[PDB]
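Okay, so here's the structure we're looking at.
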Amino acid sequence: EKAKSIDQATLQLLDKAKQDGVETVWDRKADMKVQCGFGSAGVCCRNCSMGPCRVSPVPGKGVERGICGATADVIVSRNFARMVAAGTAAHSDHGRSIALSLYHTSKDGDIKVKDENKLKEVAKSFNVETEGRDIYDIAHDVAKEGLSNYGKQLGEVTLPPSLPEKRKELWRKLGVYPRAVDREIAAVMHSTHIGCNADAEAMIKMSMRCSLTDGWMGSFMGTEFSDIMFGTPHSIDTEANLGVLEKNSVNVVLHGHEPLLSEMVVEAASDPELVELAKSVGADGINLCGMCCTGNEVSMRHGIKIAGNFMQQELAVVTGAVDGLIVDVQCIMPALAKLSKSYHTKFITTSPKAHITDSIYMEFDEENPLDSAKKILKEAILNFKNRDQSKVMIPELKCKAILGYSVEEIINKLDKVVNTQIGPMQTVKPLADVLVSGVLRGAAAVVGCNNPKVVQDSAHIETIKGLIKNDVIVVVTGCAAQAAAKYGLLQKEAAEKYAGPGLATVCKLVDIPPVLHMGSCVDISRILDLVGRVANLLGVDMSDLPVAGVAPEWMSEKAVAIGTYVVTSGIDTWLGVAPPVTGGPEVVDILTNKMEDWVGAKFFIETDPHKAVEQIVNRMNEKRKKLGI
Amino acid sequence: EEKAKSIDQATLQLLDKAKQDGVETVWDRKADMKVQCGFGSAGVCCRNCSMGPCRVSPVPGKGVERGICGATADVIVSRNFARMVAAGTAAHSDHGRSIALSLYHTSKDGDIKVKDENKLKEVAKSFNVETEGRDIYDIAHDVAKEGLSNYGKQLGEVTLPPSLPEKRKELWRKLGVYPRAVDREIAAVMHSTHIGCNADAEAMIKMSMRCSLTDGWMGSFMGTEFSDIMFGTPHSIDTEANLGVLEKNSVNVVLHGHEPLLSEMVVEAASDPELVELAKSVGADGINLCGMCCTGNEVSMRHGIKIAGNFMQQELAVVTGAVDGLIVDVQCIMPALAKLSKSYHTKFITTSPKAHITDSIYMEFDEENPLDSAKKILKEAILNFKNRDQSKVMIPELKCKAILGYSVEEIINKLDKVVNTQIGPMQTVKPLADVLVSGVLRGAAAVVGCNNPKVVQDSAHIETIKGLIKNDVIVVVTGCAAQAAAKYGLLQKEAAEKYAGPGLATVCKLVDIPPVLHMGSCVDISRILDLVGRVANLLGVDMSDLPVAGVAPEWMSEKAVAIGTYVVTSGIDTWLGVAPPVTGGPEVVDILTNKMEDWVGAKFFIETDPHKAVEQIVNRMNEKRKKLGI
Ligand code: SF4
Ligand code: SF4
Ligand code: SF4
Ligand SMILES: [F-]
Ligand SMILES: [F-]
Ligand SMILES: [F-]
Ligand SMILES: [F-]
Ligand SMILES: [F-]
Ligand SMILES: [F-]
Ligand SMILES: [F-]
Ligand code: NA
Ligand code: NA
Ligand code: NA
Ligand code: NA
Ligand code: NA
Ligand code: NA
């Protein structure tokens, strides 16, 4: 009865999937039928073998406490904590690999330093000397100091400069100032053990402390170091959606997250031997396509075409045109191994962090990265000989998209509206001014996943379209950004098409689209860098600005960690999918009310995007009045 | 027409008082839960993202076979198993992390001092720390820093104990499970269990084994060694156990939890003259300290403090109406205590910011002024004796004598009695190695683990231990299992004639030891590894070659899972008396109970009948003896 998507190409292939007789993520959601209301409310605990225990989400009725004595609030808050601990760890290991790659950069090696100016500037944040030193001794000293942020047991951690000092001392008084990344993950996992913490407030506060090691450390260093090694993103053109697949080219799709592999596949797709090889098997060339975050990472830096977002990964295989599906870690549906048994596609896993049964394991040798990517790519190009062009169905649907909007590039773009003799250059002042003046009502980040509980991409598009109509500039990352890209919002033409008067004027003056694709989900750290720069420039804290974050169709534990650190940093967050918290009323009051008194923001749970847009606008105008703007 | 709740007499008496007083127990809450969910009982339910919750069929080929993301039953089972190990590892991790921090803050005239210099000097040589002619506290700080790097170093290798055989290290390396930093492996396991990551049962379990190794050989190990350095290495010491140790006319302060620093500082505060006179002024005879669970073991091994009871007895202690102060830190403090303590004059005090409990009294243990903080907290217990009502008090006159303190150094010390002055070398484990190879001792078995309402409490412990020592298998015990043995009376030299077999009784008479050796808390299980490795190293073999076994007859916590996983990966067959949630994943069962043997030389055994378990252990040991030629 309900529509499965709002994207036509997504729907066309869904029909082919039914004809071919293959399962999709929608079909498995249906097979699940009415999902257990206990786990949907968070009032089930399995933290020890006395259980499984389930208490009633309706207070006063049914079973009240678990066998150990845990209340509903205790069970909910611990389950919520372990979600943050998981998402934190996901981004943690991500940035740890990126820092390790930076430690192994050499002058003549496969991994180099590409943005010397950024490294010199990042080195100043770690108190690493740069005057007259070799650029790789600097990079190694930066990597070492960044790695210390993951497991140091003595001393304090290094935090970015755009984090307002008001917020640091706020965290200190609240007792949520971050420690080492792995050290907090262990701390949350410790207190959630049976017979440890049994207080909702203290439990949530540990979760907020954990999430800070993600946004301002794990994800932040991951992004900063990814820019140093691969290049800081700048505005770039690309095409999005499943129509980027070419029938007469070798289609290699990069799925996953960790960017070192996809960065090396891009460089491997230009080796004359591998270029000549694709021609020898009968194709026109090598057509690199990205999906999800590793697709975002290479599109921001190299404009590689974005094949699609989370709930489309199954449908790319259904086209019958994917010769290689090269995946690393995070958000690779294990169903792909069974699905690709019905097609010539070679589904190749590469990271020992994410083995998948019945896939083809080709370990990405991080000690010979380029040679290793070539070996994996050659296997994909050879697989082109096994394509059956009669069963191929590539929908004729693709949209142009502009992305590459890093903080540096937004600042660079804003310099255009600065009078040579008046203001300062290379600052975020132009954006602060249009916010203070009121031409822009606010700025909203729209991030998040896809989720079968929501018509895929429908909540993203309605939220984004509604915010830009009310003169709220919108920045996007991850699968939401790729949902904007497919729809056609990442175009300068989208301003007069969909934006209100103020946003349309700023868009024309700055020469930008109304929706800024700021990269992958570790790249959300760019959003914090941006908002923090505006707060510092206006002498205020981040809870005082008219900013907001939205997760219209989230799913991953990464999103819970992301949403939790966005709030603790001081930014109101709207969720479009109810988290499993309804069972514990104290947990609800903490996340949706008391949070305000702690950090200056709170969570909002709204499944109607049009309602959420109202709330965001009203909350912004409320905060605007408090600030006098 | 129901099963008994316990085999302990004092436990049954107070349970009748709890019913009479109108309060609820952990047994009562178990009955309220009724039929627990078969899905979560089989481990075929996932909640690792909001696409779910999903539940797949535990019977393969029937029902819903895959979750929304495509995860099979084996994937879901294997990931849920991994997160148990990660949590159990994290608990012992932070336990030893905090202890190492105390070692870093030791000082000449401070509250925390170095007490076993000879242990500290020997540990420093294990961490490549110079000791010749250096101040003793410069050494302690260097050793602490080296131990803290084991938790979060990102480059280089980790420091491991010398009693770990190189054959086992080389085995782990080829298998791909050589441990990294403690907090790092915890994060790595949490990463791969995220949605859309690892989806292969073998790779997932192998990640669990690599993670658990950072507990037994690092987390728990460093915690135990550093606890001995600061508080003293345990030696043969007498004590009394069970709930009767409470004195009606004295101040009863009960220490519950795991972290030893608070319990240690309260012991030293219980001898402050100002507080003793206050105890007499409020109308009491003296300060009666009683411990529970690990923190009760930690102070009983070192100071002979009386042991109040094990895990499922903690509620019944408050039911006696004689607990004036209940001081708890972290790990295994049932949140029901906060509600139970409201029906009695007991003040339920939480002390650690790691484990706040609602509607309790929070007195944050100041580690910068430890003794003054312990003094301050103890005074609140003494003053609460004025609210005692002696008409309701019912302390069952039941308690048994017990011997403990059997650290590795003390066991080696006791083995010297049977060494000839001219023949063999002193201060080695050779006497224990010789009786095993000869066959006088058929094997060595470690009985550890929790309590669990699914088993008649302490019955699986006592039946397991009694059957083993009857079959000439010496039994070492830690944690609540040890306290089960202390309550029943197995921690006595008189227990040899009563229950031991011929060979074991002969070894007990010669060495002058009980047939059951209490080796401390559950981080003190590292002492058991340290012992077995010395025997493995002295016989030129690996640990999977020795006739050794581990048993957790009534386990419950995720700490036990991580414990049982590192015991197996170390090369010691482990029997489990409570079935873990793995029955829904047939590949996971094959990995844990068969394939594991071909990886690390040991495997899990799931058996709820302790008599059948003893049969399996004895037959298994004989196979490894015949394989080894002994
Ligand atoms: S922590 Fe408590 S409520 Fe949760 S499963 Fe364990 S015994 Fe039950
Ligand atoms: S969430 Fe709990 S009650 Fe629901 S199916 Fe899973 S184990 Fe059962
Ligand atoms: S990870 Fe898979 S099995 Fe688990 S809740 Fe998500 S879709 Fe379901
Ligand atoms: F095909
Ligand atoms: F790893
Ligand atoms: F159910
Ligand atoms: F493996
Ligand atoms: F009382
Ligand atoms: F000693
Ligand atoms: F074997
Ligand atoms: Na920066
Ligand atoms: Na195939
Ligand atoms: Na309020
Ligand atoms: Na030692
Ligand atoms: Na076999
Ligand atoms: Na059975």
### Query
From the list B:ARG210, B:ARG173, B:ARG180, B:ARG184, which residue is away from ligand 13 (no atom under 16 Å from the Cβ) and buried (at least 24 other Cβ atoms within 10 Å of the Cβ)?
B:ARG184
### Task
Give the number of residues within the stretch B:313-345 that are touching a helix residue (DSSP H, G or I) at 6+ places or on another chain (Cβ under 8 Å) and either among the charged types (D, E, K, R) or closer than 21 Å to B:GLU397 by Cβ (or both).
12
### Task
Could you give me the residue pairs with C-beta distances under 8 Å whose first residue belongs to the stretch A:54-77 and is over 20 Å from B:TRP27 (Cβ atoms), whose second residue is among the hydroxyl-bearing types (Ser, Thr, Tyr) and crowded, with 24+ Cβ neighbours inside 10 Å wherever it lies, and which are 6+ apart or on separate chains?
A:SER77/A:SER207
### Message
I'm told A:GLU258 meets every condition in (1) surrounded by 23 or more Cβ atoms within 10 Å (Cβ to Cβ); (2) at the interface with chain B (Cβ under 9 Å from one of its Cβ atoms) except one. Can you identify the failing condition by its number?
### Response
(2)
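Under the condition of being touching a residue at least 24 places away in the same chain (Cβ under 8 Å) and surrounded by fewer than 24 Cβ atoms within 10 Å (Cβ to Cβ), which residue from the stretch B:354-367 is nearest to the other protein chains (Cβ to nearest Cβ)?
Step one: list which residues in the stretch B:354-367 are touching a residue at least 24 places away in the same chain (Cβ under 8 Å), which gives B:354-355, B:357, B:365, B:367.
From what's left, surrounded by fewer than 24 Cβ atoms within 10 Å (Cβ to Cβ): B:354, B:365, B:367.
Working: B:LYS354: 5, B:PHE365: 15, B:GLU367: 14 Å.
Within the stretch B:354-367, the match that is nearest to the other protein chains (Cβ to nearest Cβ) is B:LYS354.
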### Query
What is the residue count in the stretch B:544-581 for residues that are outside any strand (DSSP E or B), of a type outside the set (D, E, K, R), within 12 Å of chain A (Cβ to nearest Cβ) and more than 16 Å from ligand 6 (Cβ to nearest atom)?
10
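Looking at the stretch B:193-212, is at least one residue polar (S, T, N, Q) and closer than 30 Å to B:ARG302 by Cα? Don't jump to the end; show me each part of the working.
First, pick out the residues of the stretch B:193-212 that are polar (S, T, N, Q): B:193, B:198, B:208, B:212.
Next, from what is left, pick out any that are closer than 30 Å to B:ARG302 by Cα: B:212.
Yes: the stretch B:193-212 contains one or more residues that are polar (S, T, N, Q) and closer than 30 Å to B:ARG302 by Cα.
Answer with yes or no whether A:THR568 is closer than 25 Å to A:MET206 by Cα, crowded, with 16+ Cβ neighbours inside 10 Å and of a type in the set (S, T, N, Q). Explain how you work it out, then say what you get.
Values: closer than 25 Å to A:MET206 by Cα: yes; crowded, with 16+ Cβ neighbours inside 10 Å: yes; of a type in the set (S, T, N, Q): yes.
For A:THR568, the condition - closer than 25 Å to A:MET206 by Cα, crowded, with 16+ Cβ neighbours inside 10 Å and of a type in the set (S, T, N, Q) - is met.
Per-residue answers, yes or no, for (1) touching a strand residue (DSSP E or B) at 6+ places or on another chain (Cβ under 6 Å); (2) within 30 Å of B:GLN331 (Cβ to Cβ); (3) in a loop (DSSP other than H, G, I, E, B); (4) not assigned by CATH to the domain that holds B:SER521:
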position: B:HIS461; (1), (2), (3), (4): no, yes, no, no
position: B:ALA482; (1), (2), (3), (4): yes, yes, no, no
position: B:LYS493; (1), (2), (3), (4): no, no, yes, no
position: B:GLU497; (1), (2), (3), (4): no, no, no, no
position: B:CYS508; (1), (2), (3), (4): no, no, no, no
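Quick one: which of A:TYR487, A:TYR498 is within 29 Å of A:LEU627 (Cβ to Cβ), surrounded by fewer than 24 Cβ atoms within 10 Å (Cβ to Cβ) and among the aromatic types (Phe, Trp, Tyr)? Even if it seems obvious, please write down each step before you answer.
Details: A:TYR487 fails: within 29 Å of A:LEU627 (Cβ to Cβ).
Selected residue: A:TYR498, the only one of A:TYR487, A:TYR498 that is within 29 Å of A:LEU627 (Cβ to Cβ), surrounded by fewer than 24 Cβ atoms within 10 Å (Cβ to Cβ) and among the aromatic types (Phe, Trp, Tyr).
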#### Entry: the stretch A:145-181, subset free of Cβ contacts under 8 Å to residues at least 40 places away in the same chain and under 19 Å from B:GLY156 (Cα atoms), residue nearest to ligand 12 (Cβ to nearest atom)
A:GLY151
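Report whether or not A:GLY448 is touching an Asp or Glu at 6+ places or on another chain (Cβ under 6 Å), small (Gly, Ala, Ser) and buried (at least 18 other Cβ atoms within 10 Å of the Cβ).
On the way: touching an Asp or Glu at 6+ places or on another chain (Cβ under 6 Å): yes; small (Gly, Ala, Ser): yes; buried (at least 18 other Cβ atoms within 10 Å of the Cβ): yes.
Here the answer is yes, as A:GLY448 does meet what is asked.
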### Message
For the stretch A:297-318, check the following and say yes or no: at least one residue is touching a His at 6+ places or on another chain (Cβ under 9 Å), β-branched (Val, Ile, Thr) and more than 16 Å from ligand 13 (Cβ to nearest atom).
### Response
no
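Can you go through B:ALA90, B:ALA71, B:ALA100, B:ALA82 and tell me which one is over 23 Å from B:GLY564 (Cβ atoms), among the hydrophobic types (A, V, I, L, M, F, W, C), away from ligand 12 (no atom under 16 Å from the Cβ) and out of contact with any strand residue (DSSP E or B) (no Cβ under 9 Å at 6 or more places or on another chain)?
Only one candidate passes the filter, namely B:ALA100.
Pick from the stretch A:312-339 the residues that are closer than 14 Å to A:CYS289 by Cβ and of a type in the set (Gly, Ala, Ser): which of them is farthest from the other protein chains (Cβ to nearest Cβ)? Working first, answer last.
Step one: filter the stretch A:312-339 for residues closer than 14 Å to A:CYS289 by Cβ, giving A:312-313, A:315-317, A:319, A:321-327.
Imposing the further condition that a residue be of a type in the set (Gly, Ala, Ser) reduces the set to A:316, A:321, A:324.
Numbers: A:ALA316: 15, A:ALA321: 21, A:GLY324: 18 Å.
This residue is A:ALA321.
Looking at A:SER351, A:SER342, which one is within 11 Å of chain B (Cβ to nearest Cβ), touching a residue at least 40 places away in the same chain (Cβ under 8 Å) and of a type in the set (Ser, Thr, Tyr)?
On the way: A:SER342 fails: within 11 Å of chain B (Cβ to nearest Cβ).
Only one candidate passes the filter, namely A:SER351.
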## Note on the structure
Expected single match for over 30 Å from A:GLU165 (Cβ atoms), away from chain B (no Cβ under 14 Å), touching an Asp or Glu at 6+ places or on another chain (Cβ under 6 Å) and hydrophobic (A, V, I, L, M, F, W, C) among A:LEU509, A:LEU503 is A:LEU503
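I need the helices (runs of 4 or more DSSP H) fully contained in the stretch A:1-111, keeping only those with at least 1 residues that are within 7 Å of chain B (Cβ to nearest Cβ).
Values: elements: A:8-20, A:25-32, A:37-41, A:72-103.
Those helices (runs of 4 or more DSSP H) span A:25-32, A:37-41, A:72-103.
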### Query
Out of A:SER372, A:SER351, which single residue is outside any helix (DSSP H, G or I), more than 16 Å from ligand 15 (Cβ to nearest atom), under 29 Å from the mean Cα position of the chain (by Cα) and under 26 Å from B:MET204 (Cβ atoms)?
A:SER351
#### Entry: Scan of the stretch B:239-255 for residues that are surrounded by fewer than 24 Cβ atoms within 10 Å (Cβ to Cβ) and touching a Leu at 6+ places or on another chain (Cβ under 7 Å), ordered by number
B:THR239, B:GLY244
### Query
Mind checking whether some residue in the stretch B:204-220 is in contact with a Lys or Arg (Cβ under 8 Å, 6 or more places away or on another chain) and within 16 Å of ligand 7 (Cβ to nearest atom)?
yes
### Message
Would you confirm whether or not the stretch B:406-418 contains a residue that is of a type in the set (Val, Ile, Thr) and free of Cβ contacts under 8 Å to residues at least 60 places away in the same chain?
### Response
yes
### A:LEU397 touching a helix residue (DSSP H, G or I) at 6+ places or on another chain (Cβ under 6 Å) and touching a residue at least 60 places away in the same chain (Cβ under 8 Å)
yes
### Message
Looking at A:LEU431, A:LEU530 in this structure, which one is part of a helix (DSSP H, G or I), over 21 Å from the mean Cα position of the chain (by Cα) and buried (at least 22 other Cβ atoms within 10 Å of the Cβ)?
### Response
A:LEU431
### Task
Hey, can you tell me all the residues within the stretch A:249-260 that are in contact with a strand residue (DSSP E or B) (Cβ under 7 Å, 6 or more places away or on another chain) and in contact (Cβ under 8 Å) with a residue 60 or more places away in the chain?
A:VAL250, A:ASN251, A:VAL252, A:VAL253, A:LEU254, A:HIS255, A:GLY256
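Determine if the stretch B:113-134 includes at least one residue that is within 13 Å of chain A (Cβ to nearest Cβ), more than 16 Å from ligand 4 (Cβ to nearest atom) and under 30 Å from B:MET265 (Cα atoms). Please lay out each step first, then the result.
Going through the stretch B:113-134, the residues within 13 Å of chain A (Cβ to nearest Cβ) turn out to be none.
Looking for residues that are within 13 Å of chain A (Cβ to nearest Cβ), more than 16 Å from ligand 4 (Cβ to nearest atom) and under 30 Å from B:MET265 (Cα atoms), one finds none in the stretch B:113-134, hence no.
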### Message
I need a count of the residues in the stretch B:217-236 that are farther than 18 Å from B:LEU517 by Cβ and among the charged types (D, E, K, R).
### Response
1
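Please note: Cβ atoms are built from the backbone with ideal geometry, for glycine as well, and neighbour counts cover all protein chains shown. The values are calculated or read from the model by the stated rules, or taken from the named source; nothing here is a laboratory result.
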